[PDB]
Every structure is written in structure tokens, then in C-alpha cells.
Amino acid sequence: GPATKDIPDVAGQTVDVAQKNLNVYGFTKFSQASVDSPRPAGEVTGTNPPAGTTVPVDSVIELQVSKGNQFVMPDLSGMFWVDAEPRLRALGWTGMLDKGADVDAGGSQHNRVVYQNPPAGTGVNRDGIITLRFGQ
């Protein structure tokens, strides 16, 4: 019957490209799930089962597909809010600021971003909430 093969990694590939490459491996049936991701919309973020999993070539592979609805969280350390806000907006952030309590980071950090959530490098939904805490 059908062979069993390792699912190849197709992360970053468009659904069109991913399916074509998977077809060449002998995989024939697919399903698709939309996921939150900063990757360009239509790009595959991964599969279910994951890459490396040995499965029948005639078993369903679910393609996790990026909505392209996230931006990558910048490092806002040391910025005043007057500059950090439009910087975030320029990334497509339509969300809202939740300002936490001031922290003791020294006089040089007065009214400057000290702590942030989510951390830099994290994928953030466009309407996501950003938590910032400024120096006292």
C-alpha cells in the first residue's frame, strides 16, 4: 500500500509552494488552518503532524497558514512614549496602551520605557494590548 515518509519542513513557504513540494514527496491530501502570525499571509507556519513526523503519504497533513495579522514587537527600551507610540502605529498596531506602575530604573530612565510586554521579537496581533512600564 501507501509508503510512509517524513513530513518535510515547509515553514515560510506559501500554501501553493508548500503543497507542490509536498506533492513531489508523494503526499496527496491536505487540510488548512488559519493561525495568528507575523509571517506574510499565506505562508505556512508549520504542520500537524509536525515536520519530521513519519506518516502515510495518503494521510491528511494540516497546513498551519499565517493570517499575516501580526507585527514583530520592537524593542522600545529607552524610548519616551511620544516616540514609541507612533513607532508602534507604523507597524500596524491599532491596539491600546496599558501603562503599568513606574519602576526605579535610575534618574536617566525617567519617563522612558523600562519594561515591556510582550517581549521584543514576539508576534503581536494588530489590536493586541501592549503593556509598558516607564522609569519613575
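In this text, residue numbers run from 1 along the sequence as written.
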Return whichever of 107 to 115 and 44 to 52 has the greater mean Cα B factor according to the PDB record. 107 to 115
Mean temperature factor over C-alpha atoms, higher-scoring stretch between 96 to 104 and 80 to 88: 96 to 104
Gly12: CA B-factor among chain residues, third -> lowest
So, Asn125's CA B-factor, relative to its chain, sits in which third? The middle
Entry-reported C-alpha B-factor of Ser37 relative to its chain, by third, is lowest
Looking at the temperature factor on the CA atom of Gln64, which third of the chain's modelled residues does it land in? lowest
